[PDB]
């Protein structure tokens, strides 16, 4: 019946919503005035997969920071196997792929149990790499990712710290058709105001129709939902002028369960910018913001990966990519909501409630 696997996925996806908001708060604090676009779910798959090979302090600190301690390990890996499988899709209405690749030096001896578990549960490959020549190792890695991602992720690695013998690559892609397509001709190049007096011309889409919309008088932010076809929803949170920081600080799962109350089906004249977002994150620095570091340190806890006490994830990279355009399947006083100022974006799956992406878009055409 898949009942247990689907329950683990729902609990893991729910707990992951909390992680996403914690990372967004820290990433926006340490990187102000910059786009922050990531996939908390994708990041979680990578470090749940590493729990297949971690022990003692490293394993406990990973489960603590990601909140994996609430369920058994057997169900943790069975839940993520369900999540990845359901999501992993190459259809016309949804192009989604979650990639996890662990590069290990070829002189080390990866354990077969880990290798097979990582491939079966997470579809994660373990590639032998020549970390004795970092110039060669960097070329091996980038060539592998470029091939696997069909030229979408090229030059994934641009620097390898000296001493690296293991590197983790996490990458995700998303391309979905809206429930009601936007008119490509009504899409004009409008202004996106970076500040109260700083503008840039960006392609701005437009459509009028029924959307669940509201306003949160606590955070002073408007909430709009533009639905995708394949049971996914794009949630645009447009804060009022000067309340973006206030929104960032107060964002919580309690806020997520609360915004649902303020929604209602209404006719809205929506103006949404197009997006082709790519986010690259050093997972060593990012995870430090949530108290995970031992996995990137030598403690002798990764012997189940390769029999060596000095083993550690020397470098870890996350890459999130999303393309939002007009493609799609196809009453009262019209409302007006034009996203023409810094906003937050959440791509929320409805089956297996999961936050696929979490974005702070300060410039839809910046990079």
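Positions refer to the first chain, counted from 1.
Residue 332, present in the displayed chain, goes without coordinates in a third or more of the other PDB entries compared that cover both sides of it. According to the record, the deposited sequence contains 10 or more residues between residue 330 and residue 331 that were left without coordinates. Stretches 10-18 and 340-348 differ in mean CA B factor, with 340-348 having the higher one. Just going by the entry, 113-121 versus 247-255 on mean CA temperature factor gives the higher value to 247-255. Highest CA B-factor among the listed residues (321, 325, 60, 301): 325. Note on 87, 167, 71, 263: the highest value goes to 263, judged by CA B factor as recorded.
In this PDB entry, the Cα temperature factor of residue 297 sits in the bottom third of its chain's modelled residues, the lowest group. Placement of the Cα temperature factor of residue 229 within the chain: highest third of the modelled residues, per the deposited record. In the PDB entry, a CA B factor belonging to the lowest third of its chain's modelled residues is recorded for residue 43. Looking at the C-alpha B-factors along this chain, the one for residue 188 belongs to the highest third. For residue 290, the recorded CA B-factor ranks within the middle third of the chain. Only modelled residues enter the ranking.
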